[PDB]
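Quick notes on the structure that follows.
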Amino acid sequence: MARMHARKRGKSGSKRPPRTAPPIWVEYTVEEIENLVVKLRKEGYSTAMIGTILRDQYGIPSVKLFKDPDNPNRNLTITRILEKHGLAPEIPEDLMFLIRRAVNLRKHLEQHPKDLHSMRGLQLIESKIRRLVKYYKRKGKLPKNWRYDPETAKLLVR
Amino acid sequence: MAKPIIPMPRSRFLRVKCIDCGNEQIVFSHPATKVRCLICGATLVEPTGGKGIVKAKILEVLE
Amino acid sequence: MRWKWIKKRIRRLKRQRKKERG
Amino acid sequence: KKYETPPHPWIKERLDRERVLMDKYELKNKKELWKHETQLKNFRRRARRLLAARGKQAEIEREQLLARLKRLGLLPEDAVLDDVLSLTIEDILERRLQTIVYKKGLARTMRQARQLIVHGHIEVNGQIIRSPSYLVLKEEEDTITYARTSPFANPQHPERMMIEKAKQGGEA
Amino acid sequence: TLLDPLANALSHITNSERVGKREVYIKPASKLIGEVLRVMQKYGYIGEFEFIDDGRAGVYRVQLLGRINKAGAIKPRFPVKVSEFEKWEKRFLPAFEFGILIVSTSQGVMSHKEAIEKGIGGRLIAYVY
Amino acid sequence: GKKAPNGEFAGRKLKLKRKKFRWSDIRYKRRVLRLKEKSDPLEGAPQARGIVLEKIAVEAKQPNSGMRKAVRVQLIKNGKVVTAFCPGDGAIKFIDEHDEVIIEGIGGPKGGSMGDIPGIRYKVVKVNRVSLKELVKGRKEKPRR
RNA sequence: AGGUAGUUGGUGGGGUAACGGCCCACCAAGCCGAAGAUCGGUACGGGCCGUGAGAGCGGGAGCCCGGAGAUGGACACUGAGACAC
RNA sequence: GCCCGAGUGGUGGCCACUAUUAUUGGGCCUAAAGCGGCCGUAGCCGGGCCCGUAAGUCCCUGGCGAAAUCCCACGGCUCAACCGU
RNA sequence: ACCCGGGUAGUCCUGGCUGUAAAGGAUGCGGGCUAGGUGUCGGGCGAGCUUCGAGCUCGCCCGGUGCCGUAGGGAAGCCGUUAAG
RNA sequence: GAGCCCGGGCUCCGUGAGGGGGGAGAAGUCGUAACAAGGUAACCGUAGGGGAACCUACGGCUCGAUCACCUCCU
RNA sequence: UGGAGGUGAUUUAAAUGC
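Keeping their order, the protein sequence lines are chains Q, W, 0, D, I and N. Number 158 marks the last residue of the first sequence (the deposited numbering); no jumps. Number 63 marks the last residue of the second sequence (the deposited numbering); no jumps. Number 22 marks the last residue of the third sequence (the deposited numbering); no jumps. Number 180 marks the last residue of the fourth sequence (the deposited numbering); no jumps. Number 130 marks the last residue of the fifth sequence (the deposited numbering); no jumps. Number 147 marks the last residue of the sixth sequence (the deposited numbering); no jumps.
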């Protein structure tokens, strides 16, 4: 359940709906759902938060269950709805949010350098990126010619 | 909980009927965020801990 | 004890290391 | 080699058994006892290992080790590799030349017997023998006798008298 | 993480056993465990099980008769020839009687005794007795 | 995990582990190098002849006092000074200075002089190629030169 | 703990019974290394052997099998064959 | 008086005992022994479900790992060692 | 020397080096499984109270932090859902 | 194309004044360090000083002290 | 009933013995 990583503390036990086919007391068409998604990605919100607002407002807990089957290759869900349109960021949001944050740290340290702890999370966030990079290369969202560095983090954000 | 005897969240669904426009919205008993009415611009619920605290009197049918 | 020994070892080392340095 | 001595040689319980055995069969040295223990050990060891393995391995191996024990006579008409392990150092010692000479009534007593075969006063088959160890088969039992001997070339050797006063065979 | 999910099933199942609960719950679930419980049931060691496949995971609720003493996976999971069986026979099992050294095989999965009757072998998976 | 990697391909780690940890047996290390064979003269051997430089008597150990009979002998090819413990009561007598004296060890080659004697690693068997236990008994042979 | 300069490879050639950097002319800059190379120690290698319930550990003796040597070190003839107890 | 017996004992070496080298089959709070803590490279180790290959893996056949030594049988030498089949 | 009266380095700040400890819980990390009780910290939930603020309390749950203790382990002390099972 | 030689460098074997330590011998001397709060608790890393055991400073730890005084916990 | 801290602490009691 847990993983105490850079911690000793058991992780949240947040858990999914054990629903495997979707509510029908809730009702939306493949067309209506697709609109809602596109509207929200147009705002500047991102896929986790897109799935969040749809849940809280339109009452759809996860997209996969509602959508698929409509092309049963795999489950149809937010960003796989986005890529077919061309609205997808070529960097996975995972890797993006990560790097995004990271560049902010550096600026703090820039002005403030006497910071143990703040220094120590720079080291703790990079090394999650590294990993997240490493595997993607092999999966293929990021070319094999790339390698990660703090000038090649300040170029991707700008 | 019931993690080895099938974990099911605490959740449910409830039909909320707006008091300012009569607009019928489906709402997750736990609002994580501010849910906005789609034909008033109002706030139905506000996100605090556990179950979103419902702002004032808004009608409710419990599913 | 280990006080003893540490300084004895240190003195041995120094004095001898003095004799090597010289 | 051809001997064994258990991990601890001076142990009382091991030594008692022997000395009682030593008079019983009238050995000359302990080594002799040992010969039969160590011989017994090998049959057991093998009998056991064969029964254990997968039943498809050429059964000939079993047959062969049951054949010899039958022929030698230790095993009578029993069919299990488990009876073999039910032998003891006494049974082997019953099978010797020495033992079998006293038994049939060719000798007064086993101590006497030790004299006879050495000087060639016991014939087996057509041959004489010098080694009282000699393993005597079942088929081989019927062919112990006198012919060119000091016990039987006449009927007035006191030798004949010495064997007659007793007349008792049996386990030695 | 986990690895050897089977093993973490089995090990519960036994420590489950040793207490003398009534039935078990194994949160991670699978073919390996599924299949193994299947073969286990086939020999009879266990009573009945239901797995419920939740969108999360398979879970096995298992009924405990009382039979099982000890049943464990193999660590590097060694390959074992059908000639070497007897060695691995004497070691792991408690005696000639029991015969569920559960191996994995060309034919499928079997115990030790069901393996020997066919005549086929391979890498070890787990044990049961 | 109780130490060891267990895994099909790992073995090499195993294979080096053992060997790494073997060298904590002094005895094993010592032989596999050959420190037993280099140090405590002999060049390893069962025994060694040597010329009796003199006769010396030394003291006994801690609960003890008694004059042990010891020789000083020089091994001839070894060319090393060895002080040595002589078996028997009278003995020191039958050994003339500058007779040949063959020498052995006594009671584990480890270094261990027997409990009484401090130093003495070794034993003497012989005076002019006839031994000491033969010279404790009067009849058997008696010494020359 | 870094080593390597006929050194790794390429082209063409010599020599040899013959392939081959074996040797050599020209061209290239490789080749090998922490899955431990290089260097240092020690040591003929194998069949076996000793021991040990087994797993294992130690060992290369007669004998057989294969290689190396003949006071140390180099060198050719003569012969199918030797660089020749 | 006990042992063993043409042997018996001394020194030395190796193996066993020694799960005191832990694969089988060891530990590591206080007995020896956790790195003061983290990161991630090399390595080892890996949730479920379907399909291909069959590299490992198992099964069968086939080429082959000299003789000797070993183990078992029978046969030979008075017996066995030893040798022959 | 313990006790008392003076006293430099240092103790403070900034930049750098140095890298040690009974740096302890003398207890490497990760996952799963295995009676319980109680106190406590923070988060959730159903109520009663209310000063209308989770302020005062009851119980289930999640994360952490102590103590006591069943089965088991341990040589024993002890450990025992914060394992040394 | 060997052995052979020559000049230098590097390494190894036989052997040497002198020099270091160990396990000891326990009848000389100095002291009381630790083990009892050892009579100033003890250890610990670091630094200085003392003939010695050792003392002191600073930080840590209890494998820490004996009541007393105060505080919590089944 | 058994466990953990925080600080008074007591100098009126002397070194050694194979």
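All C-beta atoms, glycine included, are put in the ideal place defined by N, C-alpha and C.
Range covered by the alpha helix (DSSP H) that runs through residue i
i	result
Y33 (chain D)	20-33
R20 (chain N)	14-24
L116 (chain Q)	116-139
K32 (chain I)	32-44
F97 (chain Q)	93-111
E45 (chain D)	38-60
Residue i (DSSP reduced to helix, strand or coil)
i	result
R36 (chain W)	strand
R122 (chain D)	helix
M111 (chain I)	strand
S133 (chain N)	strand
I53 (chain Q)	helix
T48 (chain W)	coil
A86 (chain N)	strand
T79 (chain Q)	helix
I24 (chain Q)	coil
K71 (chain N)	strand
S12 (chain I)	helix
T107 (chain D)	helix
N- and C-terminal bounds of the beta strand (DSSP E) containing residue i
i	result
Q25 (chain W)	24-28
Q64 (chain I)	59-64
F86 (chain I)	Element bounds for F86 (chain I): not the beta strand (DSSP E) but the alpha helix (DSSP H), 86-93.
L59 (chain W)	59-62
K125 (chain N)	124-126
Neighbourhood of residue i by C-beta distance below 8 Å, restricted to the same chain and skipping five residues each side
i	result
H30 (chain W)	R10, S11, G50, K51, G52
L95 (chain Q)	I129, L132, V133, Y136, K141, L142
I60 (chain Q)	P22, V26, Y28, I33, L54, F66
Close-in-space but distant-in-sequence residues of the same chain around residue i (CB under 6 Å, 5 per side omitted)
i	result
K114 (chain I)	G100
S107 (chain I)	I121
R78 (chain I)	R124, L125
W5 (chain 0)	none
Straight-line Cα distance separating residue j from residue i
i	j	result
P72 (chain Q)	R120 (chain Q)	46 Å
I171 (chain D)	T153 (chain D)	14 Å
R36 (chain W)	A6 (chain Q)	38 Å
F93 (chain I)	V60 (chain I)	29 Å
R76 (chain D)	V144 (chain D)	12 Å
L58 (chain D)	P159 (chain D)	47 Å
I58 (chain N)	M69 (chain N)	10 Å
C18 (chain W)	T79 (chain Q)	31 Å
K55 (chain W)	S12 (chain Q)	27 Å
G51 (chain Q)	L82 (chain Q)	13 Å
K22 (chain I)	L65 (chain I)	8 Å
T13 (chain D)	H100 (chain N)	46 Å
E34 (chain D)	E39 (chain N)	51 Å
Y110 (chain D)	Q47 (chain D)	23 Å
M111 (chain I)	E36 (chain I)	10 Å
Residue(s) in a DSSP beta bridge with residue i
i	result
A127 (chain I)	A74 (chain I)
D98 (chain N)	According to DSSP, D98 (chain N) bridges with nothing at all.
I53 (chain N)	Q76 (chain N), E102 (chain N)
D20 (chain W)	Paired residues: none, contrary to the question.
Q135 (chain D)	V132 (chain D)
Same chain, Cβ closer than 7 Å to residue i, neighbours up to 5 away in sequence not counted
i	result
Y46 (chain I)	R68, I69, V129
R16 (chain Q)	none
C21 (chain W)	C37, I39, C40
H129 (chain D)	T157, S158, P159
residue 159 (chain Q)	No answer is possible for residue 159 (chain Q): the residues shown for chain Q start at 1 and end at 158.
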